[PDB]
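Residue numbers (PDB author numbering): 1 to 54, 56 to 330. For each residue, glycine too, the CB sits at the ideal point set by N, CA and C.
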Ligand SMILES: CC(C)(C)S(=O)(=O)N[C@@H](Cc1ccccc1)C(=O)N[C@@H](Cc1c[nH]c[nH+]1)C(=O)N[C@@H](CC1CCCCC1)C(O)(O)C(F)(F)C(=O)NCCN1CCOCC1
């Protein structure tokens with residue numbers, strides 16, 4: 001089997017991307033943030049404290066296929082400080098026409114304020130490795146892990162758009178969605194992520210520096226977070242750019258024509274166009290824009306988030322020894 005679903009930016013800044021997910025019988029359609037940096041499928045629900053709901058909710062008692070997973074609970078927090086917790090059902094879940102039975106659906110009893118505040122995100126669908134799942138006492142498998150037995154190939158692909166709709170595919174590689182060929186690189190699962198080592202980088206039309214960059218492919222992070230020295234080298238080529246203590250990163254004049262940023266995948270190169278690195282105005286109508294490449298020093302891990310991923314066609318190869326593929330597009 002295969003599935004193919006459209007993923008859409010939630011706002012004008014490409015802050016996040018949502019993808020429809022059908023849960024239960026009859027199907028309840030929720031828009032979830034597909035997140036290759038975590039491993040829980042959790043939803044706003046009829047269980048969620050009412051004052052914390054502003056979203057479409059899952060009601061397990063309206064689904065004939067929902068089963069309570071007795072004794073199971075979950076609690077998660079994210080790098081940006083947000084959190085949620087609750088209890089666990091198994092139910093039928095479909096993405097893009099691909100159906101899994103027995104998927105753990107983590108029903109939120111409570112959600113943090115940033116979740117309440119974002120009307121567009123009805124929950125998360127984690128796509129990192131199942132070892133990061135937060136259900137206790139027994140961790141639960143991701144949607145991808147449960148799908149692998151039936152998929153035509155144990156893969157999924159991310160084709161995120163720049164201010165445009167894009168696609169998540171499960172079980173096949175669409176050869177018409179990219180140019181050139183895919184280059185694969187090794188993945189370490191020791192921290193539960195799609196963690197890999199980039200072979201280096203270049204700024205604009207300058208030289209490629211072969212300094213290894215260990216980081217994670219994370220569709221649930223907006224920006225590209227790289228080592229301080231790399232980020233400094235990038236913004237050195239932007240004459241109005243400076244680090245802003247108060248705003249929380251590099252800011253630059255919105256009228257700048259930004260250089261591209263190239264990262265290495267083995268011998269291959271993925272080029273992020275300059276305008277992808279313009280995240281957007283600090284506030285509507287500002288003359289200052291926030292950079293899309295920021296230092297990873299505060300977060301402690303390099304993150305190839307959406308600014309990077311949306312420049313590529315990305316293959317998450319979940320064979321027993323997983324790998325990550327990148328192609329230009
Ligand atoms: C506006 C912004 C200044 C650019 S922002 O950083 O706040 N944008 C958010 C995404 C967002 C956009 C719009 C609406 C709501 C949320 C962002 O990029 N958050 C990252 C920031 C980050 C990463 N690292 C340090 N900081 C994040 O937490 N991403 C997680 C998923 C997000 C959470 C908020 C809701 C949307 C999904 C994440 O899962 O990708 C993660 F990898 F960063 C992470 O937190 N992974 C958790 C892994 N744990 C390990 C232990 O086992 C449990 C799982």
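For residue i, the three-state DSSP class (helix, strand or coil)
i: residue 146; result: helix
i: residue 330; result: coil
i: residue 202; result: strand
i: residue 266; result: strand
i: residue 294; result: strand
i: residue 260; result: coil
i: residue 52; result: helix
i: residue 68; result: strand
i: residue 234; result: helix
Member of the options whose CA lies at the smallest distance from the CA of residue i
i: residue 294; options: 286, 303 and 288; result: 303
i: residue 247; options: 128, 283 and 262; result: 283
i: residue 306; options: 2, 35, 28 and 7; result: 35
i: residue 126; options: 105, 280 and 322; result: 105
i: residue 245; options: 292, 11, 279 and 39; result: 292
i: residue 268; options: 78, 184 and 154; result: 184
i: residue 168; options: 19, 115 and 324; result: 19
i: residue 249; options: 235, 260, 297 and 139; result: 297
i: residue 280; options: 259, 266 and 270; result: 259
Buried or exposed by the 16-neighbour rule on C-beta atoms within 10 Å, applied to residue i
i: residue 316; result: buried
i: residue 45; result: buried
i: residue 300; result: exposed
i: residue 118; result: exposed
i: residue 237; result: exposed
Alpha-carbon spacing of residue i relative to residue j, whole angstroms
i: residue 215; j: residue 177; result: 30 Å
i: residue 12; j: residue 164; result: 7 Å
i: residue 239; j: residue 207; result: 13 Å
i: residue 257; j: residue 80; result: 30 Å
i: residue 194; j: residue 310; result: 15 Å
i: residue 23; j: residue 96; result: 9 Å
i: residue 253; j: residue 242; result: 4 Å
i: residue 6; j: residue 29; result: 13 Å
i: residue 327; j: residue 161; result: 13 Å
4 or more residues per run - each alpha helix (DSSP H) lying fully within the stretch 71 to 124: Segments of the alpha helix (DSSP H) lying fully in the stretch 71 to 124: 114 to 118.
Ranges of the alpha helix (DSSP H) found wholly within the stretch 126 to 177, counting only runs of at least 4: 144 to 148
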